[PDB]
$ cat data-v1.pdb   # PDB, C-alpha atoms and all ligand atoms
ATOM      1  CA  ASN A   2     -16.096  77.830   6.515
ATOM      2  CA  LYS A   3     -13.736  78.503   3.529
ATOM      3  CA  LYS A   4     -11.274  80.243   5.947
ATOM      4  CA  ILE A   5     -11.161  76.965   7.996
ATOM      5  CA  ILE A   6     -10.523  74.882   4.791
ATOM      6  CA  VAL A   7      -7.645  77.312   3.871
ATOM      7  CA  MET A   8      -6.268  77.216   7.471
ATOM      8  CA  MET A   9      -6.374  73.352   7.375
ATOM      9  CA  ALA A  10      -4.425  73.318   4.029
ATOM     10  CA  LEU A  11      -1.738  75.794   5.311
ATOM     11  CA  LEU A  12      -1.424  73.725   8.555
ATOM     12  CA  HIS A  13      -1.026  70.454   6.521
ATOM     13  CA  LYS A  14       1.646  72.331   4.441
ATOM     14  CA  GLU A  15       3.575  73.552   7.552
ATOM     15  CA  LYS A  16       3.465  69.997   9.061
ATOM     16  CA  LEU A  17       4.478  68.159   5.805
ATOM     17  CA  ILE A  18       7.344  70.671   5.109
ATOM     18  CA  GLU A  19       8.534  70.217   8.761
ATOM     19  CA  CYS A  20       8.375  66.387   8.302
ATOM     20  CA  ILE A  21      10.345  66.595   4.973
ATOM     21  CA  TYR A  22      12.823  69.140   6.494
ATOM     22  CA  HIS A  23      13.634  66.732   9.397
ATOM     23  CA  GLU A  24      13.881  63.690   7.022
ATOM     24  CA  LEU A  25      16.348  65.647   4.774
ATOM     25  CA  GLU A  26      18.382  66.853   7.845
ATOM     26  CA  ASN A  27      18.562  63.229   9.194
ATOM     27  CA  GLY A  28      18.995  60.883   6.170
ATOM     28  CA  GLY A  29      20.372  63.490   3.709
ATOM     29  CA  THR A  30      18.662  61.789   0.698
ATOM     30  CA  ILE A  31      15.076  61.794  -0.745
ATOM     31  CA  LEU A  32      13.726  59.987  -3.866
ATOM     32  CA  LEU A  33      10.790  61.661  -5.728
ATOM     33  CA  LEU A  34       8.322  59.106  -7.245
ATOM     34  CA  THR A  35       5.441  59.726  -9.755
ATOM     35  CA  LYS A  36       3.100  56.657 -10.001
ATOM     36  CA  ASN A  37       5.748  54.654  -8.046
ATOM     37  CA  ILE A  38       8.543  55.442 -10.599
ATOM     38  CA  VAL A  39      11.662  57.376  -9.362
ATOM     39  CA  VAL A  40      11.801  60.635 -11.450
ATOM     40  CA  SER A  41      14.281  62.633  -9.272
ATOM     41  CA  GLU A  42      16.705  62.479  -6.274
ATOM     42  CA  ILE A  43      17.886  65.168  -3.788
ATOM     43  CA  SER A  44      21.016  64.032  -1.874
ATOM     44  CA  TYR A  45      23.518  65.951   0.336
ATOM     45  CA  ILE A  46      26.911  65.178  -1.370
ATOM     46  CA  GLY A  47      29.966  67.210  -0.186
ATOM     47  CA  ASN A  48      28.751  70.554   1.303
ATOM     48  CA  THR A  49      25.658  71.053  -0.983
ATOM     49  CA  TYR A  50      22.413  69.305  -2.067
ATOM     50  CA  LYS A  51      22.428  67.884  -5.650
ATOM     51  CA  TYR A  52      19.183  67.469  -7.702
ATOM     52  CA  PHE A  53      19.438  64.391 -10.031
ATOM     53  CA  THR A  54      16.637  64.003 -12.646
ATOM     54  CA  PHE A  55      16.132  60.517 -14.262
ATOM     55  CA  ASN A  56      14.314  59.272 -17.432
ATOM     56  CA  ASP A  57      11.891  56.267 -17.676
ATOM     57  CA  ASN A  58      15.034  54.104 -18.347
ATOM     58  CA  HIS A  59      16.389  55.266 -14.913
ATOM     59  CA  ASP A  60      19.279  57.119 -16.706
ATOM     60  CA  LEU A  61      20.755  60.257 -15.018
ATOM     61  CA  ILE A  62      19.582  62.984 -17.497
ATOM     62  CA  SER A  63      20.516  66.017 -15.272
ATOM     63  CA  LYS A  64      22.670  66.948 -12.202
ATOM     64  CA  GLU A  65      22.143  70.401 -10.564
ATOM     65  CA  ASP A  66      24.216  71.798  -7.640
ATOM     66  CA  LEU A  67      21.477  73.536  -5.543
ATOM     67  CA  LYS A  68      24.478  75.421  -3.979
ATOM     68  CA  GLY A  69      23.141  77.707  -1.175
ATOM     69  CA  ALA A  70      19.692  75.993  -1.102
ATOM     70  CA  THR A  71      18.755  75.221   2.561
ATOM     71  CA  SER A  72      17.001  71.994   3.762
ATOM     72  CA  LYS A  73      13.897  74.139   4.631
ATOM     73  CA  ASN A  74      13.782  75.739   1.125
ATOM     74  CA  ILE A  75      14.198  72.254  -0.499
ATOM     75  CA  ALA A  76      11.412  70.882   1.785
ATOM     76  CA  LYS A  77       9.110  73.686   0.426
ATOM     77  CA  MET A  78      10.107  72.877  -3.232
ATOM     78  CA  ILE A  79       9.303  69.160  -2.542
ATOM     79  CA  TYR A  80       5.881  70.096  -0.970
ATOM     80  CA  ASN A  81       5.074  72.362  -3.996
ATOM     81  CA  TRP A  82       5.789  69.308  -6.267
ATOM     82  CA  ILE A  83       3.581  66.984  -4.093
ATOM     83  CA  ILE A  84       0.529  69.293  -3.675
ATOM     84  CA  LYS A  85       0.216  69.783  -7.512
ATOM     85  CA  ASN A  86      -0.497  66.027  -8.018
ATOM     86  CA  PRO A  87      -0.927  64.575  -4.506
ATOM     87  CA  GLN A  88      -2.399  61.171  -5.626
ATOM     88  CA  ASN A  89       0.687  60.234  -7.743
ATOM     89  CA  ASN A  90       3.631  62.228  -6.216
ATOM     90  CA  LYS A  91       5.271  60.471  -3.209
ATOM     91  CA  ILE A  92       8.776  60.685  -1.659
ATOM     92  CA  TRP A  93      11.151  58.057  -0.178
ATOM     93  CA  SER A  94      13.550  59.258   2.585
ATOM     94  CA  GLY A  95      16.859  57.473   3.388
ATOM     95  CA  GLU A  96      18.816  54.493   1.913
ATOM     96  CA  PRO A  97      16.594  53.064  -0.883
ATOM     97  CA  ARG A  98      17.151  49.452   0.366
ATOM     98  CA  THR A  99      15.027  47.969   3.236
ATOM     99  CA  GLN A 100      15.406  44.452   4.753
ATOM    100  CA  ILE A 101      11.921  42.786   4.610
ATOM    101  CA  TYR A 102      10.609  39.272   5.490
ATOM    102  CA  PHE A 103       7.233  37.631   4.611
ATOM    103  CA  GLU A 104       5.345  35.703   7.376
ATOM    104  CA  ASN A 105       1.627  35.144   8.294
ATOM    105  CA  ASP A 106       0.324  37.018   5.164
ATOM    106  CA  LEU A 107       2.170  40.192   6.370
ATOM    107  CA  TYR A 108       5.507  41.821   5.310
ATOM    108  CA  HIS A 109       7.804  42.824   8.196
ATOM    109  CA  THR A 110      10.562  45.390   8.879
ATOM    110  CA  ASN A 111      11.003  44.563  12.633
ATOM    111  CA  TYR A 112      11.265  48.401  13.149
ATOM    112  CA  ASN A 113       8.703  48.947  15.992
ATOM    113  CA  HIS A 114       8.541  45.293  17.244
ATOM    114  CA  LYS A 115      10.770  42.216  16.840
ATOM    115  CA  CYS A 116       8.189  40.155  14.898
ATOM    116  CA  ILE A 117      10.925  38.064  13.175
ATOM    117  CA  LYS A 118      13.916  36.196  14.773
ATOM    118  CA  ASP A 119      17.363  36.028  13.016
ATOM    119  CA  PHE A 120      15.667  38.760  10.863
ATOM    120  CA  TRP A 121      19.085  40.145   9.737
ATOM    121  CA  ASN A 122      19.921  36.783   8.029
ATOM    122  CA  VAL A 123      16.396  35.543   6.999
ATOM    123  CA  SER A 124      15.414  38.963   5.445
ATOM    124  CA  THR A 125      15.815  40.206   1.801
ATOM    125  CA  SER A 126      17.147  43.661   0.701
ATOM    126  CA  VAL A 127      14.369  45.290  -1.392
ATOM    127  CA  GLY A 128      13.811  48.686  -3.132
ATOM    128  CA  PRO A 129      11.260  51.316  -1.977
ATOM    129  CA  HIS A 130       8.432  50.464  -4.456
ATOM    130  CA  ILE A 131       6.729  47.706  -2.326
ATOM    131  CA  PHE A 132       5.988  50.331   0.423
ATOM    132  CA  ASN A 133       3.585  52.153  -2.005
ATOM    133  CA  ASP A 134       0.705  49.844  -0.814
ATOM    134  CA  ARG A 135       0.526  50.124   3.043
ATOM    135  CA  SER A 136      -2.124  47.319   3.254
ATOM    136  CA  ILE A 137       0.448  44.468   3.048
ATOM    137  CA  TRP A 138       2.618  45.788   5.938
ATOM    138  CA  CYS A 139       2.542  44.455   9.560
ATOM    139  CA  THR A 140       1.008  47.181  11.791
ATOM    140  CA  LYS A 141       3.000  45.939  14.827
ATOM    141  CA  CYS A 142       6.533  46.378  13.420
ATOM    142  CA  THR A 143       5.946  48.754  10.462
ATOM    143  CA  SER A 144       4.645  52.306  11.030
ATOM    144  CA  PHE A 145       4.238  55.148   8.533
ATOM    145  CA  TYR A 146       3.816  58.976   8.794
ATOM    146  CA  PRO A 147       0.118  59.995   8.677
ATOM    147  CA  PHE A 148       1.143  61.763   5.378
ATOM    148  CA  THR A 149       0.229  59.389   2.456
ATOM    149  CA  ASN A 150       2.854  61.241   0.296
ATOM    150  CA  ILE A 151       5.771  59.886   2.445
ATOM    151  CA  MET A 152       6.216  56.259   1.255
ATOM    152  CA  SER A 153       9.199  55.502   3.605
ATOM    153  CA  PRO A 154       8.353  53.919   7.000
ATOM    154  CA  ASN A 155       8.652  56.330  10.015
ATOM    155  CA  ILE A 156      11.968  55.008  11.556
TER     156      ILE A 156
ATOM    157  CA  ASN B   2       7.455  73.938  15.544
ATOM    158  CA  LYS B   3       6.009  76.933  17.521
ATOM    159  CA  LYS B   4       4.327  78.274  14.305
ATOM    160  CA  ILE B   5       2.516  74.873  13.963
ATOM    161  CA  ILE B   6       1.369  75.040  17.657
ATOM    162  CA  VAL B   7       0.089  78.639  17.016
ATOM    163  CA  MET B   8      -1.597  77.576  13.706
ATOM    164  CA  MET B   9      -3.282  74.641  15.577
ATOM    165  CA  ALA B  10      -4.613  77.033  18.315
ATOM    166  CA  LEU B  11      -5.950  79.587  15.727
ATOM    167  CA  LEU B  12      -7.591  76.685  13.782
ATOM    168  CA  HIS B  13      -9.238  75.320  17.011
ATOM    169  CA  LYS B  14     -10.434  78.939  17.678
ATOM    170  CA  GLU B  15     -11.938  79.311  14.138
ATOM    171  CA  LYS B  16     -13.661  75.867  14.424
ATOM    172  CA  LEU B  17     -15.018  76.457  17.995
ATOM    173  CA  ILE B  18     -16.284  80.014  17.146
ATOM    174  CA  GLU B  19     -17.985  78.605  13.969
ATOM    175  CA  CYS B  20     -19.545  75.792  16.104
ATOM    176  CA  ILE B  21     -20.796  78.355  18.726
ATOM    177  CA  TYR B  22     -21.954  80.767  15.935
ATOM    178  CA  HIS B  23     -24.144  77.997  14.370
ATOM    179  CA  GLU B  24     -25.503  76.856  17.804
ATOM    180  CA  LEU B  25     -26.500  80.507  18.598
ATOM    181  CA  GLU B  26     -28.076  81.031  15.100
ATOM    182  CA  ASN B  27     -30.083  77.756  15.570
ATOM    183  CA  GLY B  28     -31.306  77.537  19.211
ATOM    184  CA  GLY B  29     -30.837  81.255  20.052
ATOM    185  CA  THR B  30     -29.805  80.520  23.697
ATOM    186  CA  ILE B  31     -26.485  79.538  25.422
ATOM    187  CA  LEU B  32     -25.775  78.927  29.151
ATOM    188  CA  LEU B  33     -22.202  79.690  30.374
ATOM    189  CA  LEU B  34     -21.067  77.262  33.162
ATOM    190  CA  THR B  35     -17.945  77.521  35.422
ATOM    191  CA  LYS B  36     -17.267  74.204  37.287
ATOM    192  CA  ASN B  37     -20.750  73.004  36.148
ATOM    193  CA  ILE B  38     -22.513  76.056  37.738
ATOM    194  CA  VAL B  39     -24.555  78.410  35.442
ATOM    195  CA  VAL B  40     -22.908  81.892  35.795
ATOM    196  CA  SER B  41     -24.382  83.610  32.670
ATOM    197  CA  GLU B  42     -26.955  83.297  29.807
ATOM    198  CA  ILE B  43     -27.030  84.784  26.258
ATOM    199  CA  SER B  44     -30.525  84.503  24.684
ATOM    200  CA  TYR B  45     -32.084  86.142  21.580
ATOM    201  CA  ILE B  46     -35.207  87.911  23.038
ATOM    202  CA  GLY B  47     -37.106  90.240  20.615
ATOM    203  CA  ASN B  48     -34.641  91.615  17.987
ATOM    204  CA  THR B  49     -31.439  91.571  20.177
ATOM    205  CA  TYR B  50     -29.299  89.178  22.280
ATOM    206  CA  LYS B  51     -29.485  89.789  26.083
ATOM    207  CA  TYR B  52     -26.618  88.903  28.514
ATOM    208  CA  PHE B  53     -27.987  87.705  31.930
ATOM    209  CA  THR B  54     -25.384  87.299  34.735
ATOM    210  CA  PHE B  55     -26.419  85.153  37.782
ATOM    211  CA  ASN B  56     -25.026  84.768  41.361
ATOM    212  CA  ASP B  57     -24.324  81.460  43.232
ATOM    213  CA  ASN B  58     -28.011  81.585  44.418
ATOM    214  CA  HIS B  59     -29.069  81.577  40.698
ATOM    215  CA  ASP B  60     -30.457  85.173  41.079
ATOM    216  CA  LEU B  61     -30.458  87.449  37.966
ATOM    217  CA  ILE B  62     -27.879  90.085  39.138
ATOM    218  CA  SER B  63     -27.583  91.783  35.672
ATOM    219  CA  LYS B  64     -29.337  92.084  32.245
ATOM    220  CA  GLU B  65     -27.475  93.780  29.325
ATOM    221  CA  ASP B  66     -29.045  94.459  25.876
ATOM    222  CA  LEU B  67     -26.074  93.572  23.570
ATOM    223  CA  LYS B  68     -27.999  95.769  21.029
ATOM    224  CA  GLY B  69     -26.090  95.603  17.677
ATOM    225  CA  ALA B  70     -23.908  92.637  18.793
ATOM    226  CA  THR B  71     -23.822  89.975  16.002
ATOM    227  CA  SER B  72     -23.918  86.164  16.647
ATOM    228  CA  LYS B  73     -20.312  85.892  15.261
ATOM    229  CA  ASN B  74     -19.069  88.709  17.593
ATOM    230  CA  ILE B  75     -20.834  86.982  20.567
ATOM    231  CA  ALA B  76     -19.367  83.570  19.521
ATOM    232  CA  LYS B  77     -15.894  85.266  19.695
ATOM    233  CA  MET B  78     -16.664  86.733  23.207
ATOM    234  CA  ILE B  79     -17.772  83.205  24.347
ATOM    235  CA  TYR B  80     -14.529  81.673  22.904
ATOM    236  CA  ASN B  81     -12.398  84.343  24.713
ATOM    237  CA  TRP B  82     -14.197  83.406  28.011
ATOM    238  CA  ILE B  83     -13.601  79.627  27.390
ATOM    239  CA  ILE B  84      -9.889  79.798  26.347
ATOM    240  CA  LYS B  85      -8.992  81.773  29.565
ATOM    241  CA  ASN B  86     -10.036  78.787  31.771
ATOM    242  CA  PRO B  87     -10.726  75.901  29.358
ATOM    243  CA  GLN B  88     -10.881  73.103  32.025
ATOM    244  CA  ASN B  89     -13.737  74.800  33.991
ATOM    245  CA  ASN B  90     -15.610  77.001  31.418
ATOM    246  CA  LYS B  91     -18.223  75.071  29.345
ATOM    247  CA  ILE B  92     -21.387  76.166  27.462
ATOM    248  CA  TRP B  93     -24.873  74.613  27.057
ATOM    249  CA  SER B  94     -26.736  75.378  23.776
ATOM    250  CA  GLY B  95     -30.561  75.261  23.497
ATOM    251  CA  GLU B  96     -33.460  74.402  25.895
ATOM    252  CA  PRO B  97     -31.854  73.618  29.305
ATOM    253  CA  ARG B  98     -34.204  70.591  29.761
ATOM    254  CA  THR B  99     -33.365  67.188  28.122
ATOM    255  CA  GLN B 100     -35.545  64.019  28.328
ATOM    256  CA  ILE B 101     -33.247  61.218  29.671
ATOM    257  CA  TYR B 102     -33.824  57.524  30.592
ATOM    258  CA  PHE B 103     -31.506  55.095  32.483
ATOM    259  CA  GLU B 104     -31.084  51.486  31.173
ATOM    260  CA  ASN B 105     -28.219  48.884  31.063
ATOM    261  CA  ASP B 106     -25.813  51.098  33.139
ATOM    262  CA  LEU B 107     -26.081  53.828  30.454
ATOM    263  CA  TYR B 108     -28.120  57.066  30.168
ATOM    264  CA  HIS B 109     -30.058  57.610  26.890
ATOM    265  CA  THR B 110     -31.342  60.595  24.857
ATOM    266  CA  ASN B 111     -32.641  58.545  21.852
ATOM    267  CA  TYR B 112     -31.065  61.244  19.576
ATOM    268  CA  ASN B 113     -28.915  59.175  17.132
ATOM    269  CA  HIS B 114     -30.765  55.853  17.714
ATOM    270  CA  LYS B 115     -34.124  54.706  19.200
ATOM    271  CA  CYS B 116     -32.429  52.967  22.160
ATOM    272  CA  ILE B 117     -35.603  53.196  24.326
ATOM    273  CA  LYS B 118     -39.301  52.459  23.496
ATOM    274  CA  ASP B 119     -42.197  54.792  24.567
ATOM    275  CA  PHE B 120     -39.178  57.034  25.469
ATOM    276  CA  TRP B 121     -41.428  60.170  25.427
ATOM    277  CA  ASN B 122     -43.449  58.785  28.413
ATOM    278  CA  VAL B 123     -40.832  56.609  30.262
ATOM    279  CA  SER B 124     -38.218  59.478  30.217
ATOM    280  CA  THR B 125     -37.548  62.296  32.792
ATOM    281  CA  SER B 126     -36.929  66.031  32.005
ATOM    282  CA  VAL B 127     -33.515  66.983  33.491
ATOM    283  CA  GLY B 128     -31.225  70.081  33.573
ATOM    284  CA  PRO B 129     -27.894  70.345  31.678
ATOM    285  CA  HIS B 130     -25.523  69.500  34.592
ATOM    286  CA  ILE B 131     -25.580  65.650  34.186
ATOM    287  CA  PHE B 132     -24.026  66.017  30.650
ATOM    288  CA  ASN B 133     -20.770  67.378  32.235
ATOM    289  CA  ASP B 134     -19.471  63.737  32.599
ATOM    290  CA  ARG B 135     -19.685  62.163  29.069
ATOM    291  CA  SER B 136     -18.582  58.734  30.477
ATOM    292  CA  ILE B 137     -22.202  57.764  31.444
ATOM    293  CA  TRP B 138     -24.050  58.168  28.035
ATOM    294  CA  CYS B 139     -25.118  55.611  25.377
ATOM    295  CA  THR B 140     -22.551  56.158  22.585
ATOM    296  CA  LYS B 141     -25.164  54.896  20.067
ATOM    297  CA  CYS B 142     -27.907  57.450  20.862
ATOM    298  CA  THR B 143     -25.932  60.311  22.506
ATOM    299  CA  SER B 144     -23.151  62.153  20.614
ATOM    300  CA  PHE B 145     -21.110  65.241  21.611
ATOM    301  CA  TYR B 146     -19.086  67.794  19.569
ATOM    302  CA  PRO B 147     -15.347  66.938  19.669
ATOM    303  CA  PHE B 148     -15.007  70.236  21.684
ATOM    304  CA  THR B 149     -14.978  69.324  25.439
ATOM    305  CA  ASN B 150     -16.188  72.933  26.159
ATOM    306  CA  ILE B 151     -19.616  72.270  24.516
ATOM    307  CA  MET B 152     -21.489  70.258  27.207
ATOM    308  CA  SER B 153     -24.754  70.001  25.150
ATOM    309  CA  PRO B 154     -25.179  66.894  22.924
ATOM    310  CA  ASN B 155     -24.740  67.448  19.115
ATOM    311  CA  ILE B 156     -28.457  67.337  17.950
TER     312      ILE B 156
HETATM  313 ZN    ZN C 201       5.736  42.520  12.150
HETATM  314 ZN    ZN C 202     -28.797  54.778  23.995
END
$ encode --input "data-v1.pdb" --output "structure tokens"
Amino acid sequence: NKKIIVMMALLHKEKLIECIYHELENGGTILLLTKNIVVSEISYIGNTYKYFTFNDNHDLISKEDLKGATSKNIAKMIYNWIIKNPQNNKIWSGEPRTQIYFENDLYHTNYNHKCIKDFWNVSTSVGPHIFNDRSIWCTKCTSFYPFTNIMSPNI
Amino acid sequence: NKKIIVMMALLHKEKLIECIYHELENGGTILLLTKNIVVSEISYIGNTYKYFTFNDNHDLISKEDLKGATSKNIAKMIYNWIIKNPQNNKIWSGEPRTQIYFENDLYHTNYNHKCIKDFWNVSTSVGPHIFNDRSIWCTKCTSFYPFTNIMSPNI
């Protein structure tokens, strides 16, 4: 049924916006990536959200005070960006840097299970880009939102 | 989010009505069971659907020509009956009798796989009630709709 395919899309929307809303209200910062290149940033600085746009040389090319813009309205703007090009448009929520350690042909965060000991000292601080391919990540300590468009590990 | 819980319930409704609608348009007969006891029957006889209500002694106590009633409108009436008491109200679609055979601590229908040989002759014709507990059926030859309220095997 077409009505069921529409209902499924509007439900996915409501759930992905709610996910983004909560991520923005918690971490206060989201990176927008197109083909695993950061193209924008929305960060709560002061008492407002600021929308930074970057060029291919990772130079700040724009800075916009979203002023009154709510977390929920920004979440909707971010979904509208994703759904236009869902195979290439992904978002990173939180501090860009993650401590990761390689062992037994898997990469580890130690988020959902302490796979690595003295992790804090044996780990390396690494940018978001490596999380684009979920296949290399340990399924015991590293979990992700069911949404393929959220690159950042859940917790 | 409450709106997501409501959207999920309306989507389950649309999917379960569409499932019932198709089952009615195919087999033309549905048994309504409450605690695995047949309490009603909707069957396409002639050019209309007829609604037979039974008592605990399986006696026809009523027969109602639904007249103009469409399969979609009847599917909706059957959903409204289910969702009132979803743990006890199930439906059987098609011929009440199914050929079943016991082997290797599993019951077989030979629907999705030829589990049994000379099945047609080694099998026994059996009412719907045994399909209430899905735990006892070969998962290779016997499949059910994801909807727990449709007792009858898919195909
Ligand atoms: Zn691990
Ligand atoms: Zn079988």
$ resolve_selection --input "data-v1.pdb" --expression "the PyMOL selection byres (((chain B and resi 132-144) around 9) and not hetatm)" --output "list in words"
residues 37, 91, 106, 107, 108, 109, 110, 111, 112, 113, 114, 115, 116, 128, 129, 130, 131, 145, 146, 152, 153, 154, 155 and 156 of chain B
$ resolve_selection --input "data-v1.pdb" --expression "the ChimeraX specification (/B :<7) & /A" --output "list in words"
residues 5, 8, 12, 15 and 16 of chain A
$ residues_around --input "data-v1.pdb" --residues "stretch 71-87 of chain B" --least-positions-apart "5" --cutoff "12 Å" --atoms "all atoms listed in the file" --output "ChimeraX atom specification"
/B:10-11,13-36,40-45,48-52,92-94,148-151
$ atom_distance --input "data-v1.pdb" --atom1 "atom CA of residue A:119" --atom2 "atom CA of residue A:99"
15.6 Å
$ atom_distance --input "data-v1.pdb" --atom1 "atom CA of residue A:65" --atom2 "atom CA of residue A:95"
19.7 Å
$ residues_near_point --input "data-v1.pdb" --point "(-39.2, 61.0, 29.5)" --cutoff "7 Å" --atoms "all atoms listed in the file" --output "ChimeraX atom specification"
/B:100-102,120-126
$ closest_residue --input "data-v1.pdb" --among "A:58, A:118, A:38, A:147" --to "ligand ZN 201 (chain C)" --atoms "only C-alpha atoms and all ligand atoms"
A:118
$ atom_distance --input "data-v1.pdb" --atom1 "atom CA of residue B:89" --atom2 "atom CA of residue B:67"
24.8 Å
